[PDB]
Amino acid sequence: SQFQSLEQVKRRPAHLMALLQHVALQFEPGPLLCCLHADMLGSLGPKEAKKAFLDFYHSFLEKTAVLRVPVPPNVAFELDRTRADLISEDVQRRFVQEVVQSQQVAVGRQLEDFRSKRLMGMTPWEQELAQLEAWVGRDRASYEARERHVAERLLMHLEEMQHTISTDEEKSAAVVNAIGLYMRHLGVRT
């Protein structure tokens, strides 16, 4: 049930990597990557979250952003009229939540597609995910360690096959960096 929702998969590194590889090769990766980085932003302090939000802006909200996601007109309007310093923590959370809300449909459809394809054996790394099923155990920390180990191998593999993400080197690089950033947040060594 790791794929029932983004909330459930965002915490499972190996399962998330499989989903990421699927999306990166079958859809526009922007929406899902945006949601993951937005969640990551929510676990940072006021100071760190401020710098992280600017990166989030440059990666997913700015006009020339390679991974630009469809931005709510209200947010885009306000961003173009708000100075970085003027950005309050409250206003920042609003922008993030509104942006994340507008990605739910696309990400929801992508999760749906992943679940259907998975039943047909049309999703990557199913063998690894299957093998993890036998090791949940009684110790959550030891299981979590196993998940991070598998995810690391999947991340290494995705980087090697970077060119298959897109013919645009700027795009594939942006995707790898984006996934790398979030995986590091889950304790997955790059």
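We number the residues from 1 along the sequence you see.
- When the mean C-alpha temperature factors of 55-63 and 129-137 are read from the deposited coordinates, 55-63 comes out higher.
- Annotation for 77-85 versus 95-103: the higher mean temperature factor (C-alpha) is found in 77-85.
- Sorting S142, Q26, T164, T123 by the CA temperature factor given in the entry leaves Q26 at the top.
- In this PDB entry, the Cα temperature factor of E159 sits in the middle third of its chain's modelled residues.
- The deposited CA B-factor of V71 belongs to the middle third of values across its chain.
- Sort the modelled residues of the chain by CA B factor and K47 lands in the highest third.
- When all modelled residues of the chain are sorted by CA temperature factor, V150 is found within the lowest third.
- Sort the chain's modelled residues by C-alpha temperature factor and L36 lands in the lowest third, per the entry.
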